[PDB]
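**Q** Have a look at the structure that comes next, please.
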Amino acid sequence: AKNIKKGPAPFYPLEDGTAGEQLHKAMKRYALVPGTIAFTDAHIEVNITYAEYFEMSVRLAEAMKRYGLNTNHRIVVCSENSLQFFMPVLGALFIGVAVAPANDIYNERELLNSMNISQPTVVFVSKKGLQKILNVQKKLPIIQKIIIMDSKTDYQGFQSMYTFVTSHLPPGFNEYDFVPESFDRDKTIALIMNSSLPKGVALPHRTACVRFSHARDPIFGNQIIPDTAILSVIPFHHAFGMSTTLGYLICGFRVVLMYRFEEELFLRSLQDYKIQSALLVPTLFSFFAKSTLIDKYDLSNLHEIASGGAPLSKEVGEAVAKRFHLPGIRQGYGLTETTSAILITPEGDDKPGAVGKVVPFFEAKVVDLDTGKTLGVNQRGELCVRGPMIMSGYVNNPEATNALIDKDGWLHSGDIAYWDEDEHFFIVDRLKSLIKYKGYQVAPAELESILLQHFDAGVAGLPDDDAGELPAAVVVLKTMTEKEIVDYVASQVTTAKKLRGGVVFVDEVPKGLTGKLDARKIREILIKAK
Ligand SMILES: Nc1ncnc2c1ncn2[C@@H]1O[C@H](COS(=O)(=O)NC(=O)c2csc(-c3nc4ccc(O)cc4s3)n2)[C@@H](O)[C@H]1O
């Protein structure tokens, strides 16, 4: 148990009450300070204050309570990042209604699969997504009501959130006398998120409360300080975006949002909102690996860039940190099933390449794939974590649940990792993404992070008769041909991790979610081509 990595005591303590109660308390305090901005749409340059956000969320909460939504119900929220997004989230948390964010770029099949699991009584949806909701709806009689989020009037026959609250809110309603519901926070679901074919990740209120400790933690999150502005290009429906933003709201920060990344706007927004901290995913670290515009703008307020969701190249990360004049890139490692990051780069405890250290209340260990024994320092194995932020289980799928989490409460991440003498953790890859040329493992990240100098590519395992797999790549180019690339690699690495059967040229590398690589799509581009 010298081989169990334990998070320290928190620097900001766990708070009583439901996630809702805590979000209510914080945002009521912030609402009472004039001019405090909750969100900012960088695109249309519009702000919404904590006072506004608070009142509308509360109205929405009460409106829902009167409509009959109780702890036994579920709503989905289906939208791109927007000013309205968190209104029905907050409303639903205040009164103990589970929120099921659904990915706003699902096709209809993916969308139907999700909602078929979350079984929502009410659907909050953006104009951009209404149509897809309408198509899948016939196969989901559970849905009783559709409500448009980003319109003020009724829209195509459906009530807006504003016409909806109108319908049920008394005229004698005072928001500041509203009291959030109280209930058991271990037993009551705050969130149902997707991970993916798809599963519903159920997250008790308690996991969010724990998140709010981390979020407010000055060492593992951000210290509450007035006039803090953050720029986030993370999808609010993903655990990354949902858990950071809710954290930022508990912290009274200004969340500057964007529903789509664009290099110029991003950069100008950092400058003009005096952004102290920006959230990215590694996929975007290319745009600053090319740079050019970044030195125009004034980024002298930026203290921090945080990445998560996918492996960040060590060189790329070091490289991009320099260009923003930052000591390093802050990192967070998490799973939808752990609610948020459980490995985080602690302030003033860096290490290039590491994803950080065990968060407060948590424990981590690396285990042997064959016997499950706990491994020691620098020993690669499967990353396991346990703590009060781990989901209560998959929705209506107890088999997958027991498959993921054991008696001792250890979650098996499917990631290969190790920790060093300083208790820093390093992610190697998904166990599934590793390639075995003889009996010898090859990690994709290792071959990708030697290609990036010669634009962008994705290494995968080209199956075989008698080797099992052969390291292969899928690449995005002014000119250099296959044999010239294979031979280039063969001059760079050792015997067994050569591209012994690689290279296929493509438009763009099949990336997904929060800038992660599709092992599948790449491993079929290659199989199709041979
Ligand atoms: N930092 C990382 N480095 C390398 N790989 C990473 C990674 N994070 C996720 N991954 C990969 O994503 C998989 C899970 O994807 S997932 O299930 O969609 N969920 C996630 O990726 C996920 C859920 S919560 C979360 C984060 N929360 C944060 C809070 C603050 C902060 O500063 C940084 C972060 S990242 N990420 C993991 O198994 C792993 O393979």
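Letters for chains follow the order of the structure tokens (A, B, ...), residue numbers begin at 1 for each chain, and ligand numbers begin at 1 in the order shown.
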If the limit is 6 Å from any atom of ligand 1, counting only C-alpha atoms and all ligand atoms, which residues qualify? Return them as a list in words.
**A** residues 195, 239, 240, 244, 306, 307, 308, 309, 310, 311, 331, 332, 333, 334, 335, 336, 339, 340, 341, 355, 413, 415, 427 and 430 of chain A
**Q** Emit the selected residues as an mmCIF file, in the first residue's frame, including C-alpha atoms.
**A**
```
data_model
loop_
_atom_site.group_PDB
_atom_site.id
_atom_site.type_symbol
_atom_site.label_atom_id
_atom_site.label_comp_id
_atom_site.auth_asym_id
_atom_site.auth_seq_id
_atom_site.Cartn_x
_atom_site.Cartn_y
_atom_site.Cartn_z
ATOM 1 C CA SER A 195 -19.640 7.762 -22.665
ATOM 2 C CA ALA A 239 -18.074 15.698 -18.431
ATOM 3 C CA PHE A 240 -15.063 17.956 -19.050
ATOM 4 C CA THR A 244 -15.536 22.740 -15.115
ATOM 5 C CA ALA A 306 -5.472 23.714 -19.023
ATOM 6 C CA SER A 307 -5.812 20.668 -21.264
ATOM 7 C CA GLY A 308 -7.697 17.405 -20.761
ATOM 8 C CA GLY A 309 -9.561 14.552 -22.484
ATOM 9 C CA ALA A 310 -6.670 13.228 -24.587
ATOM 10 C CA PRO A 311 -2.903 12.771 -24.585
ATOM 11 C CA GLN A 331 -3.428 18.968 -17.207
ATOM 12 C CA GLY A 332 -6.443 17.050 -16.020
ATOM 13 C CA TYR A 333 -7.210 13.369 -16.558
ATOM 14 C CA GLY A 334 -10.729 12.075 -16.113
ATOM 15 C CA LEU A 335 -13.520 9.832 -17.306
ATOM 16 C CA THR A 336 -17.213 10.543 -17.709
ATOM 17 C CA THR A 339 -17.373 12.934 -13.149
ATOM 18 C CA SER A 340 -14.288 15.073 -13.609
ATOM 19 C CA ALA A 341 -10.489 14.997 -13.509
ATOM 20 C CA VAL A 355 -1.199 14.385 -16.232
ATOM 21 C CA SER A 413 -10.122 2.822 -16.685
ATOM 22 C CA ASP A 415 -5.911 3.105 -19.653
ATOM 23 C CA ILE A 427 -0.709 8.072 -19.365
ATOM 24 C CA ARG A 430 -5.734 3.285 -24.135
#
```
**Q** Enumerate, as a PyMOL selection string, the complete set of residues in segment 89-153 of chain A that a backbone-based DSSP assignment places in alpha helix (DSSP H).
**A** chain A and resi 89-94+108-118+130-137
**Q** Between atom CA of residue 155 of chain A and atom CA of residue 38 of chain A, measure the distance and give it in Å to one decimal.
**A**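 A separation of 25.8 Å between them.
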**Q** Quick one: of A:318, A:230, A:118, A:344, who's nearest to residue 217 of chain A, counting only C-alpha atoms?
**A**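 So, comparing all the options, the nearest one is A:344.
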**Q** If we count only C-alpha atoms and set the cut-off at 9 Å, which residues sit around segment 83-87 of chain A, ignoring sequence neighbours fewer than 5 positions away in its own chain? Please answer as a list in words.
**A**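 With the cut-off at 9 Å, the set is residues 39, 40, 41, 46, 47, 48, 53, 54, 56, 57, 58, 60, 61, 77, 78, 92, 125, 126, 149, 150, 161, 236, 245, 246 and 257 of chain A.
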**Q** Using only C-alpha atoms, which residues of segment 407-494 of chain A come within 8 Å of segment 509-526 of chain A, and what is the closest atom pair for each, with the distance in Å to one decimal? Give it as CSV, sorted by chain and residue number.
**A**
```
residue,atom,partner,partner_atom,distance
A:433,CA,A:519,CA,6.4
A:456,CA,A:509,CA,7.6
A:457,CA,A:509,CA,6.1
A:458,CA,A:509,CA,6.3
A:459,CA,A:522,CA,7.9
A:460,CA,A:523,CA,5.8
A:461,CA,A:523,CA,6.5
A:462,CA,A:526,CA,6.5
A:472,CA,A:526,CA,7.6
A:473,CA,A:526,CA,7.9
A:474,CA,A:522,CA,6.9
A:475,CA,A:509,CA,7.0
A:476,CA,A:509,CA,7.1
```
**Q** What does the distance from atom CA of residue 317 of chain A to atom CA of residue 337 of chain A come to in Å, to one decimal?
**A**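 Computing the Euclidean distance for atom CA of residue 317 of chain A and atom CA of residue 337 of chain A yields 26.2 Å.
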**Q** Mind running segment 16-71 of chain A against segment 269-290 of chain A at 10 Å and telling me each contacting residue's nearest atom pair with the distance in Å (one decimal), counting only C-alpha atoms, chain and number ascending, as JSON lines?
**A**
```
{"residue": "A:40", "atom": "CA", "partner": "A:273", "partner_atom": "CA", "distance": 9.4}
{"residue": "A:42", "atom": "CA", "partner": "A:269", "partner_atom": "CA", "distance": 6.8}
{"residue": "A:43", "atom": "CA", "partner": "A:269", "partner_atom": "CA", "distance": 9.4}
{"residue": "A:45", "atom": "CA", "partner": "A:269", "partner_atom": "CA", "distance": 9.7}
```
**Q** Kindly export the residues of the current selection with C-alpha atoms, as a PDB file, in the first residue's frame.
**A**
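What follows is the written file again19.pdb:
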```pdb
ATOM      1  CA  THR A  40     -20.156  35.696 -22.239  1.00  0.00           C
ATOM      2  CA  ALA A  42     -17.720  35.775 -27.511  1.00  0.00           C
ATOM      3  CA  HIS A  43     -19.320  35.328 -30.896  1.00  0.00           C
ATOM      4  CA  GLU A  45     -20.368  39.731 -27.765  1.00  0.00           C
TER       5      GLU A  45
END
```
**Q** Using only C-alpha atoms, find each residue in segment 125-213 of chain A having at least one atom no more than 12 Å away from segment 4-15 of chain A; report its shortest atom-to-atom pair and that distance in Å (one decimal), rows by chain then rising number, as JSON lines.
**A**
```
{"residue": "A:185", "atom": "CA", "partner": "A:15", "partner_atom": "CA", "distance": 11.9}
{"residue": "A:205", "atom": "CA", "partner": "A:15", "partner_atom": "CA", "distance": 11.9}
{"residue": "A:206", "atom": "CA", "partner": "A:14", "partner_atom": "CA", "distance": 9.9}
{"residue": "A:207", "atom": "CA", "partner": "A:14", "partner_atom": "CA", "distance": 10.7}
{"residue": "A:208", "atom": "CA", "partner": "A:14", "partner_atom": "CA", "distance": 10.4}
{"residue": "A:209", "atom": "CA", "partner": "A:15", "partner_atom": "CA", "distance": 6.9}
{"residue": "A:210", "atom": "CA", "partner": "A:14", "partner_atom": "CA", "distance": 6.2}
{"residue": "A:211", "atom": "CA", "partner": "A:14", "partner_atom": "CA", "distance": 8.9}
{"residue": "A:212", "atom": "CA", "partner": "A:14", "partner_atom": "CA", "distance": 7.6}
{"residue": "A:213", "atom": "CA", "partner": "A:14", "partner_atom": "CA", "distance": 5.3}
```
**Q** Considering only C-alpha atoms, can you say which of A:34, A:346, A:444, A:468 comes closest to residue 218 of chain A?
**A**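 Distance minimum relative to residue 218 of chain A lands on A:346.
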**Q** Hey, which of A:97, A:133, A:234, A:316 ends up closest to residue 81 of chain A? Count only C-alpha atoms.
**A**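 Of A:97, A:133, A:234, A:316, the one nearest residue 81 of chain A is A:234, counting only C-alpha atoms.
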**Q** For residue 175 of chain A, which residue out of A:24, A:59, A:139, A:438 is the nearest one, using only C-alpha atoms?
**A**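 For residue 175 of chain A, the nearest of the given residues is A:59.
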**Q** For residue 363 of chain A, please output as a list in words all residues within 10 Å (counting only C-alpha atoms; exclusion window: fewer than 2 positions along the same chain).
**A**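 Answer for this query is residues 4, 5, 6, 7, 8, 342, 343, 357, 358, 359, 360, 361, 365, 384, 385, 386, 387 and 410 of chain A.
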**Q** Taking the backbone alone, and naming residues the way the document does, which bits of segment 38-101 of chain A are strand (DSSP E) by DSSP, as a count of residues only?
**A** 17
**Q** Counting only C-alpha atoms, what is within 10 Å of residue 196 of chain A, bar same-chain residues fewer than 5 positions away, as a list in words?
**A**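 In the requested form, the answer reads residues 110, 114, 201 and 336 of chain A.
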**Q** Only C-alpha atoms, please: the residues just picked out, written as a PDB file, in the first residue's frame.
**A**
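Contents of again24.pdb, as written:
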```
ATOM      1  CA  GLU A 110     -26.928   8.084 -31.791  1.00  0.00           C
ATOM      2  CA  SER A 114     -28.969   8.121 -25.738  1.00  0.00           C
ATOM      3  CA  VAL A 201     -23.459   7.481 -16.704  1.00  0.00           C
ATOM      4  CA  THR A 336     -17.213  10.543 -17.709  1.00  0.00           C
TER       5      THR A 336
END
```
**Q** Env of residue 251 of chain A: 7 Å cut, atoms = only C-alpha atoms, seq-sep filter 4 positions within chain, self excluded. Answer as number ranges by chain.
**A** A: 216, 224, 247
